[PDB]
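Quick notes on the structure that follows.
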Amino acid sequence: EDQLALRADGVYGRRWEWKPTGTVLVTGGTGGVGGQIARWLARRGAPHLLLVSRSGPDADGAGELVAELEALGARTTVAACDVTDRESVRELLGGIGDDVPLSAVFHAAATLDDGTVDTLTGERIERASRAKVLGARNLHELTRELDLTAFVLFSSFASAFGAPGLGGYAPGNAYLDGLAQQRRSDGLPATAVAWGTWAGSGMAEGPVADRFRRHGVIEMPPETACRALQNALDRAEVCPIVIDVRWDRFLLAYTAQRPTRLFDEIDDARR
């Protein structure tokens, strides 16, 4: 076991209809992770949407995206706003008109350049993915007083299993998972979906994504990953992991360097 949780009751090893009614704070709404999801919300009938990326109006694909969701749903809004600052997120909610309450904060933004342990340091990890952690923390602390029907934190497989080149992208996703793990314990629903390689995004679709494509996790189509998010809100799953991993190639790409009892619970992981 590489993952141990000693408790008073023993030793534990880690082992592998919701409607968009209200406004949707799609953090990083321009970036595919929250862009294909923003389109899904609009199709599902989102009365309002709020794609908020520092880029925002200045994003390569902003106007195109906005037009798509404006046709599918209604009242879609892109906004150039920081997510790291607590007060800029308070200003976001101040700008949110009282006309529509917020119930669907879909935090999707995540910055990433490299994830190699050789240079990974506190400064690096933080500056690498501070939009993902400080952003989610601010949204949590602000919405503690909001009746959100959904607070889906968009995370990845980097905190689900190991991923070279995402070791700096992994902590942020792990903080996301922990935030939702305590949020089901309190009175505010949160869903930490560990998204595998998104088919179309570029937020984590980088050199590691194309490597893992040929040894395990393969591109999960949006036209079924959006239904996976629907069912993760139909079951109110606190922390789901949506991946299209093929264990035929994954066994010799994970347990090869380190046998891991993590995957000795999935039945078709033997091969």
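The chains in the structure tokens are called A, B, ... from first to last as shown; in each chain the residues are counted from 1, and the ligands are counted from 1 in the order shown.
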Please identify every residue of range 116-159 of chain A that has at least one atom no farther than 7 Å from an atom of range 193-215 of chain A, counting only C-alpha atoms, and for each give the shortest atom pair and the distance in Å to one decimal, arranged by chain then increasing number, as CSV.
residue,atom,partner,partner_atom,distance
A:153,CA,A:193,CA,6.5
A:154,CA,A:193,CA,5.5
A:155,CA,A:194,CA,4.5
A:156,CA,A:194,CA,4.0
A:157,CA,A:194,CA,5.3
* Asked: Can you tell me, as a list in words, what residues are no more than 12 Å from residue 159 in chain A when counting only C-alpha atoms, ignoring any on the same chain fewer than 6 positions away?
  -> residues 16, 166, 167, 168, 169, 170, 171, 172, 173, 174, 175, 176, 177, 178, 192, 193, 194, 195, 196, 239, 240 and 241 of chain A
Go ahead and dump the residues you just picked, N, CA, C and O atoms, as a tab-separated table (two decimals), in the first residue's frame.
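Once everything was written out, this is part03.tsv:
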chain	number	residue	atom	x	y	z
A	16	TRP	N	-9.51	2.46	-5.98
A	16	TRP	CA	-10.39	2.90	-7.08
A	16	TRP	C	-11.43	1.78	-7.15
A	16	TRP	O	-11.02	0.61	-7.06
A	166	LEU	N	1.85	15.99	-14.45
A	166	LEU	CA	0.71	16.61	-13.79
A	166	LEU	C	0.90	16.66	-12.28
A	166	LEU	O	-0.05	16.93	-11.53
A	167	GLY	N	2.12	16.38	-11.81
A	167	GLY	CA	2.40	16.42	-10.39
A	167	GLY	C	2.24	17.78	-9.76
A	167	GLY	O	2.09	17.88	-8.54
A	168	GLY	N	2.31	18.85	-10.56
A	168	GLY	CA	1.91	20.17	-10.12
A	168	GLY	C	0.46	20.48	-10.37
A	168	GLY	O	-0.07	21.43	-9.79
A	169	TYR	N	-0.19	19.70	-11.24
A	169	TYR	CA	-1.62	19.85	-11.48
A	169	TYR	C	-2.42	18.97	-10.53
A	169	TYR	O	-3.61	19.23	-10.30
A	170	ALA	N	-1.79	17.94	-9.99
A	170	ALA	CA	-2.39	17.02	-9.03
A	170	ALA	C	-2.78	17.67	-7.71
A	170	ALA	O	-3.90	17.44	-7.24
A	171	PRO	N	-1.93	18.49	-7.02
A	171	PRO	CA	-2.31	19.04	-5.75
A	171	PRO	C	-3.61	19.83	-5.88
A	171	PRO	O	-4.47	19.67	-5.09
A	172	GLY	N	-3.68	20.69	-6.87
A	172	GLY	CA	-4.88	21.50	-7.00
A	172	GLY	C	-6.13	20.65	-7.06
A	172	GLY	O	-7.12	20.93	-6.36
A	173	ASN	N	-6.11	19.59	-7.86
A	173	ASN	CA	-7.23	18.66	-7.93
A	173	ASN	C	-7.47	17.95	-6.60
A	173	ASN	O	-8.62	17.70	-6.25
A	174	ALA	N	-6.41	17.63	-5.86
A	174	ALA	CA	-6.55	17.05	-4.53
A	174	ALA	C	-7.17	18.01	-3.53
A	174	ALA	O	-7.98	17.59	-2.70
A	175	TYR	N	-6.80	19.29	-3.59
A	175	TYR	CA	-7.50	20.29	-2.77
A	175	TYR	C	-8.96	20.39	-3.17
A	175	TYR	O	-9.83	20.56	-2.31
A	176	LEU	N	-9.25	20.30	-4.47
A	176	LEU	CA	-10.63	20.33	-4.93
A	176	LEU	C	-11.40	19.15	-4.34
A	176	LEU	O	-12.53	19.30	-3.83
A	177	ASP	N	-10.81	17.96	-4.41
A	177	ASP	CA	-11.50	16.74	-3.92
A	177	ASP	C	-11.77	16.88	-2.42
A	177	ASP	O	-12.91	16.60	-2.00
A	178	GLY	N	-10.78	17.34	-1.65
A	178	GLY	CA	-10.95	17.51	-0.19
A	178	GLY	C	-12.04	18.52	0.13
A	178	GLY	O	-12.76	18.30	1.12
A	192	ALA	N	-16.86	16.73	-6.86
A	192	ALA	CA	-15.47	16.90	-7.36
A	192	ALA	C	-15.19	15.90	-8.49
A	192	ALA	O	-14.45	14.93	-8.24
A	193	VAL	N	-15.76	16.14	-9.68
A	193	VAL	CA	-15.57	15.21	-10.79
A	193	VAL	C	-14.12	15.23	-11.25
A	193	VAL	O	-13.61	16.26	-11.70
A	194	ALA	N	-13.48	14.08	-11.19
A	194	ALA	CA	-12.11	13.93	-11.71
A	194	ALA	C	-12.21	13.67	-13.20
A	194	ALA	O	-12.29	12.50	-13.58
A	195	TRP	N	-12.15	14.71	-14.01
A	195	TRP	CA	-12.33	14.54	-15.46
A	195	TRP	C	-11.09	13.95	-16.09
A	195	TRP	O	-10.02	14.54	-15.95
A	196	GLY	N	-11.28	12.88	-16.83
A	196	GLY	CA	-10.13	12.36	-17.57
A	196	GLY	C	-9.88	13.23	-18.79
A	196	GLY	O	-10.51	14.31	-18.89
A	239	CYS	N	-17.75	12.85	-4.71
A	239	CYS	CA	-16.47	12.92	-5.46
A	239	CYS	C	-16.38	11.80	-6.51
A	239	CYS	O	-15.84	10.73	-6.18
A	240	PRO	N	-16.89	12.01	-7.74
A	240	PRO	CA	-16.80	11.01	-8.81
A	240	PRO	C	-15.49	11.09	-9.61
A	240	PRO	O	-14.78	12.06	-9.47
A	241	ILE	N	-15.17	10.07	-10.38
A	241	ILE	CA	-13.96	10.04	-11.24
A	241	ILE	C	-14.41	9.61	-12.64
A	241	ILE	O	-14.55	8.43	-12.80
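In this comparison, which uses only C-alpha atoms, the residue of A:48, A:104, A:229, A:128 approaching residue 189 in chain A most closely is A:104.
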* To do: Identify, with DSSP run on backbone atoms, the residues in range 132-175 of chain A assigned to helix (DSSP H, G or I), and express the list as a PyMOL selection string.
  => chain A and resi 132-143+170-175
With a cut-off of 9 Å, could you pull out the residues of range 19-45 of chain A touching range 71-83 of chain A and give me the nearest pair of atoms for each, distance in Å to one decimal, using only C-alpha atoms, ordered by chain and ascending number, as CSV?
residue,atom,partner,partner_atom,distance
A:23,CA,A:75,CA,8.9
A:27,CA,A:83,CA,7.7
A:29,CA,A:78,CA,7.7
A:30,CA,A:78,CA,8.1
A:39,CA,A:72,CA,7.5
A:40,CA,A:72,CA,8.9
A:41,CA,A:73,CA,7.9
A:42,CA,A:73,CA,4.2
A:43,CA,A:72,CA,5.2
A:44,CA,A:73,CA,7.9
A:45,CA,A:73,CA,5.6
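Residues surrounding range 141-149 of chain A within 10 Å are residues 18, 19, 20, 21, 22, 23, 24, 86, 87, 89, 90, 93, 101, 102, 103, 104, 105, 136, 183, 186, 187, 188, 189, 190, 233 and 236 of chain A [only C-alpha atoms; sequence separation below 5 positions excluded].
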Residue subset to file, keeping C-alpha atoms, as a compact mmCIF listing (two decimals), in the first residue's frame:
# COMPACT_ATOMS: atom_id res chain seq x y z
CA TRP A 18 -30.67 18.30 -11.40
CA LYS A 19 -31.55 21.30 -13.56
CA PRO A 20 -29.40 24.39 -14.21
CA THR A 21 -32.18 26.57 -12.75
CA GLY A 22 -30.56 29.80 -11.51
CA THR A 23 -27.34 31.49 -12.73
CA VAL A 24 -24.19 29.38 -13.37
CA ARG A 86 -11.43 37.02 -2.60
CA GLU A 87 -12.87 40.52 -3.10
CA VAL A 89 -15.15 37.06 -6.35
CA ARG A 90 -17.26 39.14 -3.90
CA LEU A 93 -21.57 38.14 -6.72
CA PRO A 101 -30.00 33.70 -7.54
CA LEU A 102 -26.78 31.73 -7.85
CA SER A 103 -27.06 27.97 -7.33
CA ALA A 104 -24.63 26.38 -9.80
CA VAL A 105 -21.02 27.50 -9.29
CA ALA A 136 -12.46 27.37 -5.29
CA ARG A 183 -18.85 20.03 1.72
CA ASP A 186 -21.71 20.42 5.81
CA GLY A 187 -24.96 21.81 4.34
CA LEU A 188 -23.66 22.78 0.85
CA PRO A 189 -23.67 20.14 -1.99
CA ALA A 190 -20.38 19.86 -3.98
CA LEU A 233 -25.77 15.28 -9.73
CA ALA A 236 -25.45 13.69 -5.74
* For residue 64 in chain A, which residue among A:123, A:270, A:151, A:35 is the nearest when counting only C-alpha atoms? -> A:35
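Distance annotation: of A:269, A:6, A:134, A:117, the residue with the minimal separation from residue 252 in chain A is A:269; atom set is only C-alpha atoms.
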* Determine which residues of range 102-197 of chain A DSSP labels as strand (DSSP E or B) from the backbone of this structure, then write them out as a list in words. => residues 102, 104, 106, 107, 150, 153, 154, 155, 156, 192, 193, 194 and 195 of chain A
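CA of residue 84 in chain A is positioned 10.6 Å from CA of residue 109 in chain A.
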* Determine, counting only C-alpha atoms, which protein, DNA and RNA residues have an atom within 7 Å of an atom of residue 28 in chain A; residues of the same chain fewer than 6 positions away are not included. Present the result as a VMD selection string. => chain A and resid 34 51 to 53 108 to 109
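As for CA of residue 47 in chain A and CA of residue 70 in chain A, they are spaced 10.3 Å apart.
Interatomic distance, CA of residue 5 in chain A to CA of residue 263 in chain A: 16.4 Å.
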